[PDB]
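Shown here: entry_8.txt, compact mmCIF, C-alpha atoms and all ligand atoms.
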```
# COMPACT_ATOMS: atom_id res chain seq x y z
CA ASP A 1 204.02 75.59 87.88
CA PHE A 2 201.65 74.00 85.43
CA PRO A 3 198.99 76.85 85.42
CA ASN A 4 196.57 75.12 83.07
CA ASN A 5 195.72 72.32 85.65
CA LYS A 6 192.01 72.04 86.43
CA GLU A 7 190.10 70.82 89.44
CA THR A 8 187.81 68.52 87.44
CA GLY A 9 187.96 66.41 84.35
CA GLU A 10 187.24 63.10 82.68
CA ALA A 11 187.42 59.86 84.49
CA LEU A 12 190.88 58.41 85.04
CA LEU A 13 191.60 55.39 82.91
CA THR A 14 191.46 51.95 84.55
CA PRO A 15 194.60 49.83 83.94
CA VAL A 16 194.01 46.40 82.44
CA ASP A 17 196.88 44.95 84.46
CA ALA A 18 199.20 45.85 87.29
CA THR A 19 202.37 43.91 87.77
CA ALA A 20 205.63 44.17 89.72
CA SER A 21 209.16 42.85 89.68
CA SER A 22 208.46 41.41 93.18
CA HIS A 23 206.44 41.97 96.30
CA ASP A 24 206.04 40.61 99.85
CA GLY A 25 202.37 39.65 99.45
CA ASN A 26 201.27 43.29 99.31
CA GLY A 27 200.88 43.15 95.55
CA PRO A 28 200.62 45.70 92.74
CA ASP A 29 196.84 45.23 92.50
CA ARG A 30 196.80 47.36 95.67
CA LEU A 31 198.03 50.33 93.63
CA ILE A 32 194.80 50.58 91.72
CA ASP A 33 192.11 50.11 94.34
CA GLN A 34 191.61 53.74 95.47
CA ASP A 35 192.44 52.67 99.02
CA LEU A 36 195.06 54.18 101.23
CA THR A 37 194.90 51.20 103.59
CA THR A 38 196.38 48.78 101.06
CA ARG A 39 199.80 48.89 99.47
CA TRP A 40 202.32 47.42 97.10
CA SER A 41 205.49 46.69 99.03
CA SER A 42 208.81 45.48 97.61
CA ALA A 43 212.27 45.88 99.12
CA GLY A 44 215.36 46.91 97.20
CA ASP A 45 216.74 49.32 94.60
CA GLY A 46 215.12 49.15 91.22
CA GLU A 47 212.08 47.14 92.07
CA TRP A 48 209.18 48.26 89.97
CA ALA A 49 205.44 48.30 89.61
CA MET A 50 203.91 48.69 86.17
CA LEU A 51 200.49 49.64 84.94
CA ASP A 52 199.32 48.45 81.57
CA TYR A 53 196.60 50.73 80.13
CA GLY A 54 195.84 48.22 77.32
CA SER A 55 196.46 50.68 74.45
CA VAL A 56 198.69 53.72 73.82
CA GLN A 57 197.40 56.77 75.66
CA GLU A 58 198.85 60.22 76.41
CA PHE A 59 199.91 61.12 79.97
CA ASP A 60 201.72 64.08 81.55
CA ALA A 61 201.76 63.08 85.18
CA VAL A 62 201.37 60.42 87.81
CA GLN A 63 199.52 60.62 91.06
CA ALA A 64 200.83 58.44 93.84
CA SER A 65 200.15 57.99 97.57
CA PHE A 66 202.91 56.58 99.76
CA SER A 67 202.89 54.20 102.73
CA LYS A 68 203.90 56.12 105.84
CA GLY A 69 203.97 59.09 103.46
CA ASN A 70 203.86 61.56 106.38
CA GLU A 71 207.00 59.94 107.98
CA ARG A 72 209.48 59.45 105.23
CA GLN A 73 210.10 60.33 101.61
CA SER A 74 210.01 57.72 98.85
CA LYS A 75 212.57 57.93 96.04
CA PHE A 76 211.59 56.85 92.54
CA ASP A 77 211.65 57.31 88.77
CA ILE A 78 208.75 57.02 86.35
CA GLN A 79 209.19 55.40 83.00
CA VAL A 80 206.82 54.85 80.10
CA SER A 81 206.71 52.63 77.09
CA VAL A 82 204.71 52.18 73.94
CA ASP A 83 205.61 48.52 73.43
CA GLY A 84 206.59 47.25 76.90
CA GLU A 85 210.17 46.66 75.81
CA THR A 86 211.71 50.08 75.11
CA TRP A 87 211.38 52.51 78.09
CA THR A 88 211.71 56.27 78.34
CA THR A 89 212.31 57.97 81.71
CA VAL A 90 209.81 60.83 82.10
CA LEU A 91 210.51 61.65 85.78
CA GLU A 92 213.89 60.98 87.40
CA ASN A 93 215.09 61.18 90.96
CA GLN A 94 211.70 62.05 92.32
CA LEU A 95 211.12 62.43 96.05
CA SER A 96 207.74 62.27 97.71
CA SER A 97 206.75 65.04 100.11
CA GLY A 98 207.23 63.13 103.37
CA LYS A 99 204.29 65.23 104.52
CA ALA A 100 201.15 63.37 103.61
CA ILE A 101 199.54 60.00 103.18
CA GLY A 102 197.24 61.04 100.36
CA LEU A 103 197.74 61.48 96.63
CA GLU A 104 200.65 63.58 95.43
CA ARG A 105 201.14 64.51 91.80
CA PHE A 106 204.38 64.44 89.84
CA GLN A 107 203.92 66.24 86.55
CA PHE A 108 205.94 66.99 83.42
CA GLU A 109 205.28 68.48 80.00
CA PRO A 110 204.45 67.84 77.31
CA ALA A 111 202.32 64.71 77.53
CA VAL A 112 203.82 61.62 76.05
CA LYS A 113 202.62 58.48 74.45
CA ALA A 114 202.50 55.39 76.69
CA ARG A 115 200.66 52.13 76.97
CA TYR A 116 202.73 51.09 80.00
CA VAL A 117 203.74 53.23 82.91
CA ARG A 118 206.15 52.11 85.57
CA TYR A 119 207.33 53.24 88.97
CA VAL A 120 211.00 52.36 89.50
CA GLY A 121 211.69 52.48 93.25
CA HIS A 122 214.87 53.54 95.00
CA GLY A 123 213.60 52.93 98.55
CA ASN A 124 212.91 55.71 100.96
CA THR A 125 214.76 58.08 103.22
CA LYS A 126 214.66 55.62 106.20
CA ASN A 127 215.22 52.21 104.50
CA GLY A 128 215.05 50.19 101.30
CA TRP A 129 211.30 49.60 101.19
CA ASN A 130 209.25 50.70 98.19
CA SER A 131 205.72 50.91 99.69
CA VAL A 132 203.08 52.69 97.67
CA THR A 133 199.40 52.82 98.39
CA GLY A 134 198.15 54.21 95.09
CA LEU A 135 199.47 54.93 91.59
CA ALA A 136 197.76 56.25 88.47
CA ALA A 137 198.86 57.87 85.23
CA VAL A 138 196.98 61.01 84.36
CA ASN A 139 196.68 63.68 81.66
CA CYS A 140 196.19 67.13 83.09
CA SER A 141 194.81 68.41 79.78
CA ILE A 142 191.69 66.19 80.19
CA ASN A 143 191.72 64.92 83.82
CA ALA A 144 191.55 66.77 87.08
CA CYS A 145 194.95 67.74 88.46
CA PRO A 146 193.87 69.18 91.81
CA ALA A 147 195.92 71.80 93.60
CA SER A 148 195.58 69.75 96.75
CA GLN A 149 197.93 67.11 95.31
CA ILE A 150 200.80 69.64 95.47
CA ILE A 151 202.07 69.09 98.99
CA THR A 152 204.02 71.91 100.77
NA NA B 1 195.93 50.78 97.90
```
Would you put the structure from the file into structure tokens?
Amino acid sequence: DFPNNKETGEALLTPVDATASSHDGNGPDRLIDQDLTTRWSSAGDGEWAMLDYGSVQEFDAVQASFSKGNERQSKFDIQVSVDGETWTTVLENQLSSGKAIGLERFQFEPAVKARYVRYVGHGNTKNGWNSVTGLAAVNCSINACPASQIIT
């Protein structure tokens, strides 16, 4: 329902750091490697993974791909922050499609200011695991927001 999305745009920004509240060895670096075969995994409600973009940027969406994303739905919020201390929730009570392993986009408007973007997990529809294979913040005004990342 965002009709101004485009199929091409500028390169996605590269985070300067990716961190997490915890993980099982499958660390948050595996969010940012453009590889569906690697994941961040952390069990429990409220565990998080955070991307630091190094400076304040504007974003109106995330794209995320989910472990076993064709078998179960992941539950999550997205928060952002200018300073890394005060957080704003931009997406709440999100649910992945449960219908694909590739990138899915979760978009809002308008774009907001953020240096730091974080995925706050609430497990999945089968169990408490937060297991994500890819995460990136995006700005649909300047980056591609492909129709193929709307799953249904
Ligand atoms: Na990965």
For this session: List all protein, DNA and RNA residues that have an atom no more than 6 Å from any atom of ligand NA 1 (chain B), counting all atoms listed in the file, and report them as a list in words.
Result: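 The residues near ligand NA 1 (chain B) are residues 30, 31, 33, 34, 35, 36, 37, 38, 39, 133 and 134 of chain A.
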Please report as JSON lines every residue of stretch 13-81 of chain A lying within 10 Å of stretch 104-119 of chain A, along with the nearest atom pair and their distance in Å (one decimal), using all atoms listed in the file.
```
{"residue": "A:15", "atom": "CA", "partner": "A:116", "partner_atom": "CA", "distance": 9.1}
{"residue": "A:17", "atom": "CA", "partner": "A:116", "partner_atom": "CA", "distance": 9.6}
{"residue": "A:18", "atom": "CA", "partner": "A:118", "partner_atom": "CA", "distance": 9.5}
{"residue": "A:19", "atom": "CA", "partner": "A:118", "partner_atom": "CA", "distance": 9.3}
{"residue": "A:20", "atom": "CA", "partner": "A:118", "partner_atom": "CA", "distance": 9.0}
{"residue": "A:46", "atom": "CA", "partner": "A:119", "partner_atom": "CA", "distance": 9.1}
{"residue": "A:47", "atom": "CA", "partner": "A:119", "partner_atom": "CA", "distance": 8.3}
{"residue": "A:48", "atom": "CA", "partner": "A:119", "partner_atom": "CA", "distance": 5.4}
{"residue": "A:49", "atom": "CA", "partner": "A:119", "partner_atom": "CA", "distance": 5.3}
{"residue": "A:50", "atom": "CA", "partner": "A:118", "partner_atom": "CA", "distance": 4.1}
{"residue": "A:51", "atom": "CA", "partner": "A:117", "partner_atom": "CA", "distance": 5.3}
{"residue": "A:52", "atom": "CA", "partner": "A:116", "partner_atom": "CA", "distance": 4.6}
{"residue": "A:53", "atom": "CA", "partner": "A:115", "partner_atom": "CA", "distance": 5.3}
{"residue": "A:54", "atom": "CA", "partner": "A:115", "partner_atom": "CA", "distance": 6.2}
{"residue": "A:55", "atom": "CA", "partner": "A:115", "partner_atom": "CA", "distance": 5.1}
{"residue": "A:56", "atom": "CA", "partner": "A:115", "partner_atom": "CA", "distance": 4.0}
{"residue": "A:57", "atom": "CA", "partner": "A:114", "partner_atom": "CA", "distance": 5.4}
{"residue": "A:58", "atom": "CA", "partner": "A:113", "partner_atom": "CA", "distance": 4.6}
{"residue": "A:59", "atom": "CA", "partner": "A:111", "partner_atom": "CA", "distance": 5.0}
{"residue": "A:60", "atom": "CA", "partner": "A:111", "partner_atom": "CA", "distance": 4.1}
{"residue": "A:61", "atom": "CA", "partner": "A:107", "partner_atom": "CA", "distance": 4.1}
{"residue": "A:62", "atom": "CA", "partner": "A:106", "partner_atom": "CA", "distance": 5.4}
{"residue": "A:63", "atom": "CA", "partner": "A:105", "partner_atom": "CA", "distance": 4.3}
{"residue": "A:64", "atom": "CA", "partner": "A:104", "partner_atom": "CA", "distance": 5.4}
{"residue": "A:65", "atom": "CA", "partner": "A:104", "partner_atom": "CA", "distance": 6.0}
{"residue": "A:66", "atom": "CA", "partner": "A:104", "partner_atom": "CA", "distance": 8.5}
{"residue": "A:69", "atom": "CA", "partner": "A:104", "partner_atom": "CA", "distance": 9.8}
{"residue": "A:75", "atom": "CA", "partner": "A:119", "partner_atom": "CA", "distance": 10.0}
{"residue": "A:76", "atom": "CA", "partner": "A:119", "partner_atom": "CA", "distance": 6.6}
{"residue": "A:77", "atom": "CA", "partner": "A:119", "partner_atom": "CA", "distance": 5.9}
{"residue": "A:78", "atom": "CA", "partner": "A:119", "partner_atom": "CA", "distance": 4.8}
{"residue": "A:79", "atom": "CA", "partner": "A:118", "partner_atom": "CA", "distance": 5.2}
{"residue": "A:80", "atom": "CA", "partner": "A:117", "partner_atom": "CA", "distance": 4.5}
{"residue": "A:81", "atom": "CA", "partner": "A:114", "partner_atom": "CA", "distance": 5.0}
```
For this session: Extract, using all atoms listed in the file, all DNA, RNA and protein residues at most 6 Å from residue A:41, discarding same-chain residues fewer than 3 positions from it, and format them as a ChimeraX atom specification.
Result: /A:23,26,130-131
For this session: State, in Å with one decimal place, the distance from atom CA of residue A:21 to atom CA of residue A:40.
Result: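 Taking atom CA of residue A:21 as the start and atom CA of residue A:40 as the end point, the length is 11.1 Å.
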Seminar exercise, completed: From the list A:128, A:123, A:9, A:44, the nearest residue to residue A:143 using all atoms listed in the file is A:9
Problem set entry | Minimum-distance residue to residue A:91, chosen among A:70, A:22, A:42, A:121 (using all atoms listed in the file) | A:121
For this session: Could you check which of A:132, A:43, A:6, A:149 is closest to residue A:28, using all atoms listed in the file?
Result: A:132
Exercise. So how many Å separate atom CA of residue A:74 and atom CA of residue A:125, to one decimal?
Worked result: 6.5 Å
Exercise. From the set A:82, A:45, A:102, A:151, which residue has the shortest atom-to-atom contact distance to residue A:127, counting all atoms listed in the file?
Worked result: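 Once distances to residue A:127 are computed over all atoms listed in the file, the minimum belongs to A:45.
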Seminar exercise, completed: If you count all atoms listed in the file, the residue of A:122, A:147, A:72, A:142 closest to residue A:3 turns out to be A:147
For this session: Give the answer as one residue: which of A:85, A:73, A:124, A:145 has the shortest atom-to-atom distance to residue A:98, using all atoms listed in the file?
Result: A:73
Seminar exercise, completed: Taken to one decimal, the atom CA of residue A:13-atom CA of residue A:146 distance is 16.6 Å
